[PDB]
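1. this one's structure only:
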């Protein structure tokens, strides 16, 4: 009775509502993609009957199709009725094609029922020739299909369009599956893209730079990836089932129906996706520097976009000059170290935001910081020569490497978070110091080339800048010490010249020698202490054999290391006069401030 009707329903069971396609390889090592609708096709009832006679087999078939309809109706409640219509038709076709030996779906009950139905038809006709049986089944379908279809939709004719009640034309399964898949695809494609619009709006307010927009963008991307592999399978199976030919332009026509040329063009992300899903203060510029205008045009690579710059969380290097910092918390573990002003003002952006641990986001952020650092440096020192600009870019490049590797001496608020957020990218559950270090170290090696590529884009004749890799391998402090030398010698030269132009001006007309001399005394004493600190570390560290594997350093007096590595000091000897409260040439002049 009605109770027994429930039995039919539950024999097959409630259907999953989501529309998905599952790809597996069959016994012949051949990959196929089956729709979940086919996986859940209502066939269980065949297994609950002895199928004693052909009348019975017919009766059970009638129950199967009619039940499939009910379950499809419950599945598609709340969905556009066109969907229920198509699934009715497509399931009817699978009943036909899985019955007459044209089925890509395999395993589980699909083969359990198939094999059973074949065995019963062996009994019915007493024929074991599989080919003959298949023909017998084809004839049987011919005579029963009209009644099977009619009964399948008898309770739902009113819920579908008049035209959907017409029995489906007979076609190969793969043709029907491709069509169904195409429809499933375009629907989910629209939906996922509308979410992108909703959350990204027009992406004119850096929406794509935040999770609200990046999530639907990301969902859309993966869906296209999965979809592309799926269509490849289905499209190859078509050719294979037609002597390796696109019989009747089926595949071709289908591509033109959607205004596309082929698989590739079918999944090529349009301009609109990039416009809505690329964070314009990271992704857009990265693409320019690696693949676009900036790549081969220094002028363009050098031009700064203020809005993007401040969006990312950095600003121009101030015209003011910060002192060297020899008194941070880092002096606890590394006494004698002096942080370069350049390091104190290094652009890292909002590193505290990469807490979700996505490698692509992290890479995108690092390259962003690297680009702006380069541009900002280029802007600050645009009036310097190629060799200097080159070395200045390498300084920050190497510091970045030290920050990512976790060897950076400063461990400031933003550096630390950069390091820790790379640890987050690492999903390995072994999380001791050395284990995490090794990961970061390997990660930098895999990315350090691109980092240099984008930073080197702001230099004339990029290949002029060499051994950036070797330079990065040099202990940070040693790199800084030399940086300090060049900075010291330079500013000393400047201050000497300042005295001259001042002396010559006074030498003619009107004349505070004491006041300028005073300012210099303060400066030189400050630099003297900085020098002493770093010399002490260089010496103490050297004695601990920390520089054994470093040529052009082993057993070289600190002040010698400077005169060599520091070009700017080539003409200076670190005497005991060098740090005099006044230059030896202006010693007497700074004295006798009576004139």
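-> That came through, no problem. Numbers count the residues shown, from 1 in each chain.
2. next SSE downstream of the helix or strand hosting residue 67?
-> Assessed by DSSP states H and E, residue 67 sits inside helix 54-76. Following helix 54-76 in sequence order, the next helix or strand is helix 81-99 (DSSP H and E).
3. list the buried residues for that following helix?
-> Buried positions in helix 81-99, judged by neighbour count with 16 or more other CB atoms under 10 Å: 83-99. Yep, even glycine has a C-beta here, placed from its N, CA and C like the rest.
4. repeat that for stretch 194-201.
-> Across stretch 194-201, burial judged by 16+ other CB under 10 Å covers 195, 196, 199, 200.
5. mind listing what residue 196 touches?
-> Residue 196 makes contacts with 213, 216, 217, 220, 273, 276, 277, as judged by CB atoms under 8 Å, 6 or more residues apart in numbering.
6. correct me if wrong, but it is in a helix.
-> Yes: according to DSSP: H, G, I helix; E, B strand; the rest coil, residue 196 belongs to a helix.
7. what about the residue nearest to it when sequence neighbours are not counted, how many residues nearby?
-> Spatial nearest neighbour of residue 196, excluding adjacent residues (CB to CB, 6 or more residues apart in numbering): residue 216 at 4.7 Å. For residue 216, the neighbour count with other CB atoms under 10 Å is 21.
8. measure residue 216 to residue 365 for me?
-> Here the criterion is CB to CB, to the nearest Å. By it, residue 216 lies 20 Å from residue 365.
9. swap in residue 536?
-> According to CB to CB, residue 536 and residue 365 sit 37 Å apart.
10. do the same with residue 131
-> Counting by CB to CB, the gap between residue 131 and residue 365 amounts to 63 Å.
11. which one's more surrounded, the two?
-> Counted by other CB under 10 Å, residue 131 and residue 365 do not tie: residue 365 has more neighbours, with 23 against 9.
12. check which helix or strand that one maps to.
-> Here residue 365 is assigned to helix 359-380, by DSSP H and E.
13. what's the first helix or strand after that helix?
-> Next along the chain from helix 359-380, counting by DSSP H and E, comes helix 386-405.
14. for that next one, packing partners?
-> helix 341-344, helix 359-380, helix 413-425, helix 433-455, helix 468-473, helix 476-506 (3 or more CB pairs under 8 Å, 6 or more residues apart in numbering; DSSP states H and E).
15. of those helices, which approaches residue 252 most closely?
-> helix 359-380 (34.9 Å; CB to CB).
16. give me the buried positions along the closest one.
-> By 16+ other CB under 10 Å, the buried positions in helix 359-380 come out as 361-378, 380.
17. do the same with stretch 146-155
-> By 16+ other CB under 10 Å, the buried positions in stretch 146-155 come out as 148, 149, 152, 153.
18. do the same with stretch 563-571
-> Judged by neighbour count using 16+ other CB under 10 Å, the buried positions of stretch 563-571 are 563, 565, 566, 567, 568, 569.
19. next one: it to chain centre, how far?
-> 43 Å (CA atoms, centre = their mean, to the nearest Å).
20. just stretch 315-328 next, same as before
-> 34 Å.
21. pull out the buried positions in that stretch.
-> 317, 324, 325, 326, 328.
22. repeat for stretch 456-469
-> Within stretch 456-469, the residues that count as buried by 16+ other CB under 10 Å are 456, 457, 458, 459, 462, 465, 468.
23. stretch 442-451 too?
-> Neighbour-count burial for stretch 442-451 [16+ other CB under 10 Å]: 443, 444, 447, 448, 450, 451.
24. ok, now which ones touch the last one?
-> Read that as residue 451. Going by CB under 8 Å, 6+ apart, residue 451 touches 366, 367, 370, 397, 400, 401.
25. hmm, which two among these are most spread apart?
-> Pairwise over the contacts of residue 451, using CB to CB, the maximum falls at 367 and 401, 13.6 Å.
26. of the buried residues of stretch 563-571, which is the nearest to residue 107?
-> residue 565 (69.5 Å).
27. separation between the closest one and residue 67?
-> 84 Å.
28. and this structure, what are its domains?
-> Using curated CATH domains, the domains assigned to the chain come out as 1-278, 279-313, 314-595.
29. distance between the last one and the chain's centre?
-> If I follow you right, that is domain 314-595. Distance of domain 314-595 from the chain centroid (CA atoms, centre = their mean) equals 31 Å.
30. same question, the second one
-> Between the centre of domain 279-313 and the centre of its host chain there is 18 Å, according to CA atoms, centre = their mean.
31. any idea how far apart the tips of that domain sit?
-> Its first and final residues considered, domain 279-313 spans 14 Å by CA to CA, to the nearest Å.
32. in it, what counts as buried?
-> By neighbour count on 16+ other CB under 10 Å, the buried set for domain 279-313 is 279-286, 288-289, 294, 298, 301-302, 304, 308-309, 311-313.
33. repeat that for stretch 383-399.
-> Across stretch 383-399, burial judged by 16+ other CB under 10 Å covers 389, 390, 391, 392, 393, 394, 395, 396, 397, 398, 399.
34. which one of these sits closest to residue 112?
-> So of the buried residues of stretch 383-399, ranked by how close each gets to residue 112 (CB to CB), first place is residue 397, at 63.6 Å.
35. what's the closest non-adjacent residue to the closest one?
-> Distances taken as CB to CB, 6+ apart place residue 455 nearest to residue 397, at 5.5 Å, with adjacent residues excluded.
36. just give the number of residues close to that neighbour.
-> Residues near residue 455, counting by other CB under 10 Å, number 29.
37. roughly how far apart are it and residue 446?
-> 17 Å.
38. could you do residue 404 as well?
-> According to CB to CB, residue 404 stands 11 Å off from residue 446.
39. over to residue 376?
-> For residue 376, the distance to residue 446 equals 26 Å [CB to CB].
40. could you do residue 479 as well?
-> In terms of CB to CB, residue 479 sits 22 Å off from residue 446.
41. then residue 201?
-> 35 Å.
42. who wins on neighbours among the contacts of residue 196?
-> residue 213 (24 neighbours).
43. hang on, it packs against residue 204?
-> No: here residue 213 does not reach residue 204: they are 11.7 Å apart, not a contact under CB atoms under 8 Å.
44. outside of stretch 15-25, which residues touch it?
-> By CB under 8 Å, 6+ apart, the residues outside stretch 15-25 that reach it are 31-37, 39-40, 71-72, 74-75, 107, 181, 184, 187-188, 229-230, 233.
45. can you give me the first-to-last residue distance of it?
-> Stretch 15-25: ends 24 Å apart by CA to CA.
46. residue 266 - how many residues pack around it?
-> Neighbours of residue 266 (other CB under 10 Å): 19.
47. residues of stretch 259-275 that come out buried?
-> Residues of stretch 259-275 classed as buried: 266, 273 (neighbour count, 16+ other CB under 10 Å).
48. kindly report the same for stretch 206-213.
-> 206, 207, 208, 209, 213.
49. re the thing from before, out of the buried residues of stretch 194-201, the closest to residue 123 would be?
-> Checking the buried residues of stretch 194-201 against residue 123 with CB to CB, the nearest one is residue 195 at 54.7 Å.
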